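Heads up: the structure comes next, in structure tokens.
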Protein chains: 4
Amino acid sequence: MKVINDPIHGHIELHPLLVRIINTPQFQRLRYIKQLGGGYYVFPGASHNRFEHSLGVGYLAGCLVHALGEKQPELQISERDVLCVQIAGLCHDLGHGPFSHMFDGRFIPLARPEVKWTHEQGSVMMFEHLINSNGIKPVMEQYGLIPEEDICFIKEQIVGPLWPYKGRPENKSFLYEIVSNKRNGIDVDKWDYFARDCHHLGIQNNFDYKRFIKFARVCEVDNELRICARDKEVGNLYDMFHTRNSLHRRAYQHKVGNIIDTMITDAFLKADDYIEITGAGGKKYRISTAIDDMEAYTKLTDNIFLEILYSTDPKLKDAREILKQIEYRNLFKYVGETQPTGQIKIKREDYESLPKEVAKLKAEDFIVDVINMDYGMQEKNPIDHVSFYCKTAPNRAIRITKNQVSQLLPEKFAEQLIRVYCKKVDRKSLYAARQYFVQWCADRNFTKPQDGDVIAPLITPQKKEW
Amino acid sequence: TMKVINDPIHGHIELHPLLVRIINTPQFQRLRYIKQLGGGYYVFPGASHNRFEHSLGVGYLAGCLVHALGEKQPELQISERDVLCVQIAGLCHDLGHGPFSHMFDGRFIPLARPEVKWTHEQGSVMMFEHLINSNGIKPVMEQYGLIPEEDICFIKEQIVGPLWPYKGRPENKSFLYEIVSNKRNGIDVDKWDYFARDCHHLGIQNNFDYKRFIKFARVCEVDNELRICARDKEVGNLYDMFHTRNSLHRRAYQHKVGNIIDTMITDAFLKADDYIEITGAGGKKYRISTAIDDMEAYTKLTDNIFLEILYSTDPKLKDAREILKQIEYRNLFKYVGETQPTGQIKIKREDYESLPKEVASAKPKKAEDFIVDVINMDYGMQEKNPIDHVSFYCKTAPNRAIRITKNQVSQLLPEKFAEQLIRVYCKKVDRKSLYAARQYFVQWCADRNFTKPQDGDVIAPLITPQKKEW
Amino acid sequence: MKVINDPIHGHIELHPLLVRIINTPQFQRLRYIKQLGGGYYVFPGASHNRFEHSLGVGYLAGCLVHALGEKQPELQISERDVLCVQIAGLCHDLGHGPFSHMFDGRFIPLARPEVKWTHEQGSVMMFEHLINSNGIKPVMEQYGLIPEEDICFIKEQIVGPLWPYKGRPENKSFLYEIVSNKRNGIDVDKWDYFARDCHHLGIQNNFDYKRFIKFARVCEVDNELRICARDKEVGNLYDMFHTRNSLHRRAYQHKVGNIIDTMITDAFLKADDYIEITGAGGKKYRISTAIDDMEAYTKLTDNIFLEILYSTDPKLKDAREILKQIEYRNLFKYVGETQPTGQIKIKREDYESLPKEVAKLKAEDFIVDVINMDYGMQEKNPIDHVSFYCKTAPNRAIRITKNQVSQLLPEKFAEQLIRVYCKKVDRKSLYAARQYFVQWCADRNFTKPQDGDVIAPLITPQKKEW
Amino acid sequence: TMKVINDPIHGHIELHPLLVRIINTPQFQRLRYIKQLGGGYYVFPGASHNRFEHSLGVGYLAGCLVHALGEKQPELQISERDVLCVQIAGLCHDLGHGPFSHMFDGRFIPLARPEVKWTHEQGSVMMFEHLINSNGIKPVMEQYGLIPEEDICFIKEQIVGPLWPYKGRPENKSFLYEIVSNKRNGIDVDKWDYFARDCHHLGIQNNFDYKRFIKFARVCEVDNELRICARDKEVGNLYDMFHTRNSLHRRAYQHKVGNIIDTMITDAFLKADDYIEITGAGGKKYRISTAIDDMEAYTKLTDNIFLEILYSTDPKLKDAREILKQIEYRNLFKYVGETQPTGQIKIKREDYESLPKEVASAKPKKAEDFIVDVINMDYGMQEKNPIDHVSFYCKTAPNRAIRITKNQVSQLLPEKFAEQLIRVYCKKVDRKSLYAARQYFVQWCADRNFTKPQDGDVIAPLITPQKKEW
Ligand SMILES: O=c1[nH]c(=O)c2ncn([C@@H]3O[C@H](COP(=O)(O)OP(=O)(O)OP(=O)(O)O)[C@@H](O)[C@H]3O)c2[nH]1
Ligand SMILES: Nc1ncnc2c1ncn2[C@H]1C[C@H](O)[C@@H](COP(=O)(O)OP(=O)(O)OP(=O)(O)O)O1
Ligand SMILES: Nc1ncnc2c1ncn2[C@H]1C[C@H](O)[C@@H](COP(=O)(O)OP(=O)(O)OP(=O)(O)O)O1
Ligand SMILES: Nc1ncnc2c1ncn2[C@H]1C[C@H](O)[C@@H](COP(=O)(O)OP(=O)(O)OP(=O)(O)O)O1
Ligand SMILES: Nc1ncnc2c1ncn2[C@H]1C[C@H](O)[C@@H](COP(=O)(O)OP(=O)(O)OP(=O)(O)O)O1
Ligand SMILES: [Fe+3]
Ligand SMILES: [Fe+3]
Ligand SMILES: [Fe+3]
Ligand SMILES: [Fe+3]
Ligand SMILES: [Mg+2]
Ligand SMILES: [Mg+2]
Ligand SMILES: [Mg+2]
Ligand SMILES: [Mg+2]
Ligand SMILES: [Mg+2]
Ligand SMILES: [Mg+2]
Ligand SMILES: [Mg+2]
Ligand SMILES: [Mg+2]
Ligand SMILES: [Mn+2]
Ligand SMILES: [Mn+2]
Ligand SMILES: [Mn+2]
Ligand SMILES: [Mn+2]
């Protein structure tokens, strides 16, 4: 065993196989990618990287699976099974690009609309590259793993499929619930990031993962074995999803963290055609195509920000000038927030068209960022997809609907938030943006912006509805 | 000279020598012997803390905020006279909590003396006059530029409210009445202290940042009266604070077992009340329930009385002592389940007494035996949203205050701001008994069209098919 | 199992037998005795009681013994053995009197010189009373304990003996090292109180118990099986004993905490002849004799402070008047601190005589408190009684002397601290005390008091040596 | 207007708009890309923090203390001019740390350019002039009542020392030179920030309370110069701080493996140094080691350069890239053991280079292969006790300062205040090799009459009987 001191979880023992996986270029890459990306430029505590998140997630994947094992030997959880879950935990974020979510969430979508690609599809490919380029496949056999079976089981824990599961049977289904839970989103990923992000952000966590594990249990639920919580834990589960939403409001969708993410993303776009990254057999790739070669994607990290800022080639004057505007803190100015009304959703189809709606300023000048906020399952209540159990009858699982819990829980479980920033920064400009934007809200029958009477005194009498 | 003290929540805090004089008196040191969460200690073993240390934090934070407004806004004319008076209100605001704090004013006195209406604050004010008077403080206030006729009023009114309705300070210094206990919307430093401190000791983490709130607080004209205001951006965090609070009540302050221990103690006190003399003003003897009428005698009434009873041997207390032993041994009245009203049924305080009778009545296939505890849960203002009573302000226009309705914030905020929780416990404890209670109770829920109890299918297999509606 | 949320250790599972032991008058008594006693009147965070200390100690006793078990199955640690250690942990402080250490350390010694008695001799008798008065002896058999053997083993874990051990063999000796370690004082008692006292005091702990357990191991050391630490942990062990000493300086021997302890102790003495406590078969006992009947000692708790203060019988005017002087904060005034020199120890024989030496003020007026400060083993280095082990040879234990560690470790491992307080409080009085006291130091060739030139300007030129 | 920022160590901290102007420059934002503990991150995975956030805390604490003295003692004449200058020194005091902070000024530059003497502070001062000059700050200082001729000196001198030896402020404002970097005894707010922050991120708890120290600090005449002083009672806590520090160096800052990673990087840089151009003032190209001579070019030199190398493909860097890959794969040079000199043998900085040769020489029954790292460990002032250079004061006489020698404190304090630690690593890694290293090294210790290595009987069974003295 090998012990390592993570400040969130303490000293954690790593099995020598997990150490072999860790000490590879593919994994040590996560030392150079920030967890909250743009957040560092707002919360100066948030220097943490995906490397240390990736270790906690592995650690907690083990905690929970040993715990179920101990509490319930009848499950036949093997040391083979425990290792596989730990490995999924470790490798589950292997595929995050530069600035984590900025890459898969803003950059790739703008830079290559033609693909569907997510840090997880990346986490799985990077995992194959890791295994293959570092002779791990042998070492797994060495500790009683069976690669044909287990690499599948690991790949499927991360992403989902590829009864839909080649890796383990319906009798070991609860193992697919640990690292990334499609049934309801209650995963140890969240547990680690809540604790860790709060630690570094300087916000306190309200959610006790240790307690949840104490009360977990595996029960039959429709000829599949799911994980279950004590009946009394249900309150705490609604709170976790609140905590999460609360983290996004305060930190992960901070109005300025987001505009920094956006400014970097634009600089990358300005640089993308002109930056070659060396891959498999010397083939040159661009920042946006590098996700198609894991040799080259290994090299793509937060470094590239500085590669750009510290550059001197004039075909990058474009992108370098943006990034200097961050160093000097000329950000694009925020104009305001608003929300749709009644039953108006906003198609991902239409995001690109929204500045045009907002326009004398040109719409090239506006940015409009549309943020979906849910409890993980779009419109659905994820607690409606959790199985609970009583002290009296510890194997008889049950359902608990919202109305057996409280009336102070939310009526809707998902909303949209629209935020307008302006790229022209002066007071003449920014006033204009503020009048356009407030009339836009009134035109679309969106909400009066919080600041709306103050920034737009002559426009909020336009709407009786305000 | 100043005096430093190390509170583990707020750190080293400087006490003005007047505040030290107030502290070092029998009336205040009394708070060392009263637990903040009372019955909570017998469920959350971390919760040894007493009102003494809460009372210091609240004073400390009362000062923090009032110095802060002062600094940020000199135009407010906040004097060292004013700052002291707020600090003193903070310190003395819980002076009147009885044994086990809330159990006393919330369960005991109501059952033991229906004839009075009385609350730890009415007590905090009387105990404050006693303190001032019995310890020659009145001189010492003049000594630091306080004016007792004016300022003892101002202090008394910060604690309770009145007695423009305020003799103590004008409409131009109204924001000072918002610090220690906020009637406008409940956003007070009392909460801030207890959140931090109760979490510390309970072993829950706090999600609410008081330090941040103070940084963005500011005083603005709102209807020709000067109120405190928050930045527009803080509004999210305020909805969260009231959630945090409600969350604390669910987890800890209304814990099903903490509550039944509170109730068992309260019954033991009732059993002992007729038979325990407490010596007051001029040797007059008072009972536990009448001691609230004499602050000399109420000074002596503390958590001690639990042990005075348990360790006694007088047989007129076999009654109460036997209850309290049943806590030591952990024969509690057994919890049966929880349920909630439906549609828009509230439950009149009129009808609480009648509820066990109802439970005995149910006919699935005595009421002296049942207890039924009705717990009202809100965001402080019964049915109202307290954020709808907060004034915010923009970065652009820092004096122009504004309102922010729920709809400008989120759709994931609560639809209702107050609910009821009904809990049935049974005083007969065995397996034959407790099964019965579980059948009665579940048919009762079905009869009243209340919610299926979460555990309802498991404890009452043959009765939750009675309701199609479940 | 039964879970309970201690804020120091988290949610901890209690075996149903341990719950039965806990839910008794003898144990719930610890809810009404403060851990740091007089400390509460200086550190207002320090409301904590021995009840919750007593649970942590049990919890940690289990942690460590499960851990050795897991790491080393060859030890034959049984569930019988684990329970017994947990029970010792739980019951090890059962015998603390009112204000914990004030009782066994100041009161009983002054009030009954004729006995030798310590909270542990009490912890063992109170344990027999608990077992006997609550039908536990049956319930132990029920979970495979063997009372004749195991109550001995428990009693011996707490106190020591009664190869000197009837409870377990030389092959299970490492179990006697967990709750109270005579070999070197490295016990989980310390671990719990460091963490807990710091939590409540508002001082931070510097010592990581979790890490120590990760590196513990059992090795042969002279045909007895001792617990051993990794070689690298040795630094951290010297630090723990420092942390401890550091806690005593700041908090446990605070000049004012101590004088409050002393004032209470005097009030008790004033009240002792006149307070009857009801024991076995109605026999009446005094506060000082109550340690001779566990029925009556069950009733003796911090309550007695208030029983006195709130009393009205005039044969207690004496003691009640003292306790009011604490409420009002008329403490006896502190005069100063000093230390012996060369090789002058101060016999416990001579403590009573010291005020006489200090004396116009009478010596009835002075108090002189002599505090011994060590690393647990009087003059000895306790690390010189710890066995370590290398990564290379995990069973070959070894010794590590101070000079293989550092030159910044202490030259001596024990010292004395003498503190003079005066019971007459005014400025005329207290000046006098300050001149007496400083001449006293010069007469005994003790150290110049830190404040000595300032409080005694005309006396510190008396000594050339200063 | 003020600007608030949430540092997780100190909370929400208000930044004066001048400080914000200084912060939002290439020279300062550079500190976002330099890790505080450098190689430490590859052992303590929590230690992602950078000098940027340390640099903010140090500024924050520089202000705390100087406002505090001001409040407590108006007679000192501390102006808003003075407070700003100290805050700015705090902010800019680490501006000159190179890549991996201490690895750069402590290992790299010394090996790479013997010809210069240079330290992150000489760099912090030059980078400060560059910042001021390249970003029109000089105007903005006049704007808030600073006087650049005087104040840029005062700032430069707070950071480094001189250039009564101080042009920036008189002997009557000498206590201001004690805040950010204390030559008198090392008791600075730099330490306070790094203790709290490094512990936070390392996963160690701090034992040292800076908040308390500030509460009891006070300025007194000491030899017709005004120094800072501590209460008499604080002295215990000061010995503990210097212990805490030494304790941090043992556990973390000199961790046997963190150090060898620092060394491996340093060798990779050396391998790359001749072959990497960094563009400075007027297009002039500079090497990693010469970049410290041009602040335009040194602005660009950050931790980036590690990855610039690792991700490169130019074959003149096969050298350095191959080393850095050996870190990614965790082929470190293997650690062999630790030992210490004996009696009163120091080890001249003269002789460090010669030590591998000695280890190859030992004849138990090549030196290009060994590395030998000599680590000096003190309480900041080589052989001196820094408490012997602190002025204390009594409650009775708050202006009369005094000395407190070790003997008035304890006998459990350290006999010596500085020691040496010698560590041998071997660059050849296999079992045949590493055994050999372990025999050479243990005979070496016995030859020099150094201490038996703790692991010495186990790694060298046939050699620790060579010494009777063990
Ligand atoms: O007045 C108090 N009432 C309390 O309820 C109290 N609880 C804790 N403390 C702390 O105890 C220290 C020493 O006590 P204290 O200062 O009264 O004794 P002392 O020997 O220092 O005498 P002096 O400083 O008054 O001359 C003080 O600095 C306080 O922080 C209290 N002080
Ligand atoms: N005293 C300490 N307290 C807390 N954490 C520590 C301490 N010393 C080291 N660590 C951290 C750094 C690492 O993340 C982890 C393991 O460090 P360490 O015990 O130094 O292992 P190592 O691999 O260097 O030892 P070994 O010689 O056993 O291989 O713990
Ligand atoms: N070393 C310490 N670290 C943290 N808190 C401490 C320490 N020592 C004492 N305290 C706490 C306990 C009290 O609540 C508060 C005051 O203690 P202390 O400074 O010793 O006051 P005191 O009244 O004894 O000093 P004085 O000599 O001023 O009378 O700080
Ligand atoms: N939500 C919570 N978060 C943290 N601690 C909690 C929470 N709820 C309760 N606790 C504490 C109080 C107790 O010390 C311990 C156990 O409480 P709880 O789960 O309420 O057990 P219980 O015995 O009342 O449940 P059961 O019905 O299973 O018997 O945990
Ligand atoms: N809800 C929160 N809780 C704690 N810290 C927060 C929260 N929101 C933001 N922060 C942190 C991040 C920053 O470091 C600092 C400032 O954030 P914020 O108040 O949102 O500044 P801002 O510059 O966006 O406001 P403004 O509208 O004044 O420009 O506080
Ligand atoms: Fe993740
Ligand atoms: Fe209160
Ligand atoms: Fe103990
Ligand atoms: Fe620094
Ligand atoms: Mg190792
Ligand atoms: Mg997920
Ligand atoms: Mg004092
Ligand atoms: Mg209130
Ligand atoms: Mg229970
Ligand atoms: Mg011990
Ligand atoms: Mg801003
Ligand atoms: Mg320094
Ligand atoms: Mn992921
Ligand atoms: Mn109140
Ligand atoms: Mn003990
Ligand atoms: Mn520096």
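Chain labels run A, B, ... following the order of the structure tokens; each chain numbers its residues from 1, and ligands are numbered from 1 in the order shown.
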Would you mind listing what lies within 8 Å of range 387-400 of chain B as an MDAnalysis selection string, with only C-alpha atoms counted and same-chain residues fewer than 4 positions away left out? (chainID A and resid 451 454:455) or (chainID B and resid 184:185 219:222 227:232 235 238:239 404:406)
Give as JSON, numbers by chain the residues surrounding ligand 1 up to a distance of 9 Å, considering only C-alpha atoms and all ligand atoms. {"B": [3, 4, 5, 6, 7, 12, 13, 14, 15, 20, 21, 23, 24, 25, 28, 29, 32, 52], "C": [39, 40, 41, 42, 43, 44, 254, 255, 256, 257, 259, 326, 327, 328, 329, 330, 331, 332, 333, 334], "D": [395]}
May I ask which of the residues B:281, B:362, B:146, B:265 is the closest one to residue 319 in chain B, counting only C-alpha atoms?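 Checking each of B:281, B:362, B:146, B:265 against residue 319 in chain B, counting only C-alpha atoms, the winner is B:265.
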Would you kindly return, as an MDAnalysis selection string, each protein, DNA or RNA residue with an atom no farther than 6 Å from any atom of range 399-408 of chain C, considering only C-alpha atoms and excluding same-chain residues fewer than 3 positions away? (chainID C and resid 387) or (chainID D and resid 414 416)
Selection file, N, CA, C and O atoms, as a short mmCIF file (atom, residue, chain, number, x, y, z; two decimals), in the first residue's frame:
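Output file result-v6.cif is given in full below:
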```
data_model
loop_
_atom_site.label_atom_id
_atom_site.label_comp_id
_atom_site.auth_asym_id
_atom_site.auth_seq_id
_atom_site.Cartn_x
_atom_site.Cartn_y
_atom_site.Cartn_z
N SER C 387 9.01 1.64 20.25
CA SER C 387 9.71 0.75 19.33
C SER C 387 9.29 1.17 17.92
O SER C 387 8.13 1.34 17.68
N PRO D 414 14.55 24.33 23.26
CA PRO D 414 15.73 23.72 22.63
C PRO D 414 17.11 24.18 23.17
O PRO D 414 17.26 25.36 23.44
N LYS D 416 20.15 23.97 21.40
CA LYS D 416 20.77 24.58 20.20
C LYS D 416 19.60 25.20 19.35
O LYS D 416 18.44 24.81 19.51
#
```
Would you mind listing what lies within 12 Å of residue 185 in chain C as an NGL selection string, with only C-alpha atoms counted and same-chain residues fewer than 6 positions away left out? :C and (176-179 or 191 or 237 or 240-241 or 244 or 374-378 or 380-386)
Write out as number ranges by chain each polymer residue whose atoms come within 12 Å of residue 26 in chain C, counting only C-alpha atoms; drop sequence neighbours fewer than 5 positions from it. B: 325, 328-329; C: 20-21, 31-32, 51, 90-91, 93-96, 122-134, 294-301
File dump, residues just selected, C-alpha atoms, as a compact mmCIF listing (two decimals), in the first residue's frame:
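Final file, out17.txt:
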```
# COMPACT_ATOMS: atom_id res chain seq x y z
CA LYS B 325 -34.55 8.10 35.60
CA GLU B 328 -31.02 8.15 32.12
CA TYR B 329 -31.95 4.51 31.32
CA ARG C 20 -26.38 -0.92 27.37
CA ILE C 21 -23.31 0.15 29.33
CA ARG C 31 -22.84 14.48 31.21
CA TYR C 32 -22.69 16.58 34.35
CA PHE C 51 -19.45 12.02 28.56
CA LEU C 90 -15.69 4.02 27.33
CA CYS C 91 -15.36 3.40 31.03
CA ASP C 93 -12.92 8.11 32.91
CA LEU C 94 -16.00 6.90 34.80
CA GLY C 95 -14.31 7.87 38.07
CA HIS C 96 -13.61 11.59 37.54
CA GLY C 122 -12.49 5.40 40.94
CA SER C 123 -13.05 4.49 37.27
CA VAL C 124 -12.51 0.82 38.23
CA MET C 125 -14.86 0.78 41.25
CA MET C 126 -17.56 2.69 39.38
CA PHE C 127 -17.22 0.13 36.61
CA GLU C 128 -17.95 -2.77 39.08
CA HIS C 129 -20.97 -0.78 40.41
CA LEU C 130 -22.26 -0.21 36.88
CA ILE C 131 -21.90 -3.86 35.85
CA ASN C 132 -23.49 -5.05 39.09
CA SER C 133 -26.36 -2.61 39.53
CA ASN C 134 -27.54 -2.96 35.85
CA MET C 294 -20.26 4.19 44.38
CA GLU C 295 -24.04 4.49 44.99
CA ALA C 296 -23.35 7.86 46.61
CA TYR C 297 -20.49 8.84 44.27
CA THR C 298 -22.97 8.42 41.35
CA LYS C 299 -24.79 11.49 42.74
CA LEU C 300 -21.63 13.61 43.12
CA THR C 301 -21.24 15.83 40.08
```
Near chain C, which residues of chain D fall within 8 Å when you count only C-alpha atoms, and what do they look like as a ChimeraX atom specification? /D:204-209,232,339-340,394,396-397,404,407-408,410-419,451-455,458-459
May I ask you to extract the residues of chain C within 10 Å of chain A, using only C-alpha atoms, and to give them as a PyMOL selection string? chain C and resi 3+5+10-13+208+210-211+214-215
When the cut-off is 8 Å and we count only C-alpha atoms, which residues of chain D are near chain B, given as a list in words? residues 11, 12, 211, 212 and 215 of chain D
So which bits of range 323-400 of chain C end up strand (DSSP E) when you DSSP the backbone, as a short mmCIF file (atom, residue, chain, number, x, y, z; two decimals) with N, CA, C and O atoms, in the first residue's frame?
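Resulting contents of part.cif:
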```cif
data_model
loop_
_atom_site.label_atom_id
_atom_site.label_comp_id
_atom_site.auth_asym_id
_atom_site.auth_seq_id
_atom_site.Cartn_x
_atom_site.Cartn_y
_atom_site.Cartn_z
N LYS C 333 -5.82 37.48 43.56
CA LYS C 333 -4.95 38.14 42.56
C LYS C 333 -3.65 37.34 42.37
O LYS C 333 -3.07 36.88 43.33
N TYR C 334 -3.24 37.17 41.13
CA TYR C 334 -1.97 36.52 40.78
C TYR C 334 -0.83 37.49 41.00
O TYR C 334 -0.94 38.67 40.71
N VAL C 335 0.27 36.96 41.54
CA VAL C 335 1.41 37.77 41.94
C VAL C 335 2.60 37.53 40.99
O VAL C 335 3.22 38.49 40.53
N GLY C 336 2.90 36.28 40.69
CA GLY C 336 3.89 35.97 39.67
C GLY C 336 4.27 34.50 39.63
O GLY C 336 3.79 33.72 40.44
N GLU C 337 5.14 34.16 38.68
CA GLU C 337 5.60 32.81 38.44
C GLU C 337 7.09 32.81 38.65
O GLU C 337 7.72 33.84 38.48
N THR C 338 7.64 31.66 39.04
CA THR C 338 9.12 31.46 39.09
C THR C 338 9.46 29.96 39.00
O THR C 338 8.56 29.11 39.06
N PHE C 366 -1.41 34.08 51.46
CA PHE C 366 -0.80 33.56 50.22
C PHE C 366 -1.24 32.16 49.85
O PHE C 366 -1.47 31.32 50.72
N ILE C 367 -1.30 31.92 48.55
CA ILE C 367 -1.40 30.58 47.97
C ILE C 367 -0.24 30.36 47.05
O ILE C 367 0.16 31.28 46.33
N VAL C 368 0.27 29.15 47.03
CA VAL C 368 1.46 28.85 46.26
C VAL C 368 1.21 27.55 45.60
O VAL C 368 1.11 26.56 46.28
N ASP C 369 1.16 27.54 44.29
CA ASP C 369 0.71 26.39 43.53
C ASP C 369 1.91 25.88 42.80
O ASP C 369 2.53 26.63 42.08
N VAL C 370 2.29 24.63 43.04
CA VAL C 370 3.50 24.06 42.39
C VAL C 370 3.08 23.04 41.34
O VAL C 370 2.49 22.01 41.68
N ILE C 371 3.46 23.30 40.10
CA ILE C 371 2.99 22.55 38.96
C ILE C 371 4.14 21.82 38.33
O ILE C 371 5.08 22.47 37.90
N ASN C 372 4.08 20.49 38.28
CA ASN C 372 5.11 19.69 37.58
C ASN C 372 4.71 19.56 36.13
O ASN C 372 3.58 19.24 35.89
N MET C 373 5.64 19.83 35.19
CA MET C 373 5.44 19.77 33.73
C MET C 373 6.42 18.78 33.11
O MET C 373 7.61 19.02 33.08
N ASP C 374 5.95 17.67 32.58
CA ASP C 374 6.88 16.72 32.00
C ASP C 374 6.39 16.21 30.63
O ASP C 374 5.47 16.79 30.04
N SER C 387 9.01 1.64 20.25
CA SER C 387 9.71 0.75 19.33
C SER C 387 9.29 1.17 17.92
O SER C 387 8.13 1.34 17.68
N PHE C 388 10.25 1.37 17.02
CA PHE C 388 9.98 1.80 15.64
C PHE C 388 10.27 0.68 14.66
O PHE C 388 10.77 -0.36 15.07
N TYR C 389 9.95 0.86 13.37
CA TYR C 389 10.28 -0.17 12.37
C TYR C 389 10.50 0.40 10.96
O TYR C 389 9.85 1.35 10.61
N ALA C 397 11.93 -4.61 14.72
CA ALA C 397 11.75 -3.39 15.47
C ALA C 397 13.11 -2.85 15.83
O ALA C 397 14.08 -3.56 15.74
N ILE C 398 13.15 -1.60 16.25
CA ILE C 398 14.39 -0.90 16.59
C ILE C 398 14.13 0.20 17.62
O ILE C 398 12.98 0.49 17.92
#
```
Exercise answer, 9 Å around ligand 15 with only C-alpha atoms and all ligand atoms, as a PyMOL selection string: chain C and resi 179-182+185-190+376
Counting only C-alpha atoms and all ligand atoms, what residues are within 10 Å of ligand 14, given as a PyMOL selection string? (chain A and resi 391) or (chain B and resi 43+257) or (chain C and resi 1-4)
Which residue is closest to residue 135 in chain C? Choose from C:76, C:17, C:7, C:305 and count only C-alpha atoms.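 Checking each candidate against residue 135 in chain C, we get C:17 as the closest.
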Could you give me, as number ranges by chain, every polymer residue with an atom at most 7 Å away from an atom of ligand 18, counting only C-alpha atoms and all ligand atoms? A: 92-93, 119-120
Selection above as a file: N, CA and C atoms, as a tab-separated table (two decimals), in the first residue's frame:
```tsv
chain	number	residue	atom	x	y	z
A	92	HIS	N	-12.21	8.76	-14.14
A	92	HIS	CA	-13.47	9.25	-14.64
A	92	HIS	C	-13.37	10.68	-15.20
A	93	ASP	N	-12.37	11.46	-14.74
A	93	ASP	CA	-12.21	12.81	-15.30
A	93	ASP	C	-10.98	12.97	-16.19
A	119	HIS	N	-16.52	15.48	-21.92
A	119	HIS	CA	-15.27	15.09	-21.23
A	119	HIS	C	-15.24	13.61	-20.88
A	120	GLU	N	-16.42	13.00	-20.76
A	120	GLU	CA	-16.51	11.57	-20.52
A	120	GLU	C	-16.15	10.68	-21.71
```
Using only C-alpha atoms, which residues sit within 7 Å of residue 426 in chain B once same-chain residues fewer than 5 positions away are excluded, as a list in words?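 The contact residues come out as residues 333, 334, 335, 336, 369, 370, 371 and 437 of chain B.
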Expected file: the selected residues, N, CA and C atoms, as a short mmCIF file (atom, residue, chain, number, x, y, z; two decimals), in the first residue's frame:
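Resulting contents of part04.cif:
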```
data_model
loop_
_atom_site.label_atom_id
_atom_site.label_comp_id
_atom_site.auth_asym_id
_atom_site.auth_seq_id
_atom_site.Cartn_x
_atom_site.Cartn_y
_atom_site.Cartn_z
N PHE B 333 -40.50 7.50 25.64
CA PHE B 333 -41.75 7.23 24.98
C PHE B 333 -41.38 6.94 23.56
N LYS B 334 -41.94 5.88 22.98
CA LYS B 334 -41.53 5.42 21.65
C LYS B 334 -42.20 6.27 20.58
N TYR B 335 -41.43 6.65 19.56
CA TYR B 335 -41.91 7.40 18.42
C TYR B 335 -42.65 6.46 17.48
N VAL B 336 -43.78 6.94 16.95
CA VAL B 336 -44.67 6.12 16.15
C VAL B 336 -44.60 6.53 14.68
N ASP B 369 -52.54 7.40 26.79
CA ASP B 369 -51.30 6.72 26.37
C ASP B 369 -50.49 7.43 25.25
N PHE B 370 -51.19 8.10 24.34
CA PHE B 370 -50.56 8.83 23.21
C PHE B 370 -50.14 10.26 23.56
N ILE B 371 -49.06 10.71 22.93
CA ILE B 371 -48.70 12.13 22.84
C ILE B 371 -48.64 12.55 21.39
N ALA B 437 -50.20 1.13 18.53
CA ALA B 437 -50.01 2.54 18.25
C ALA B 437 -49.80 2.73 16.74
#
```
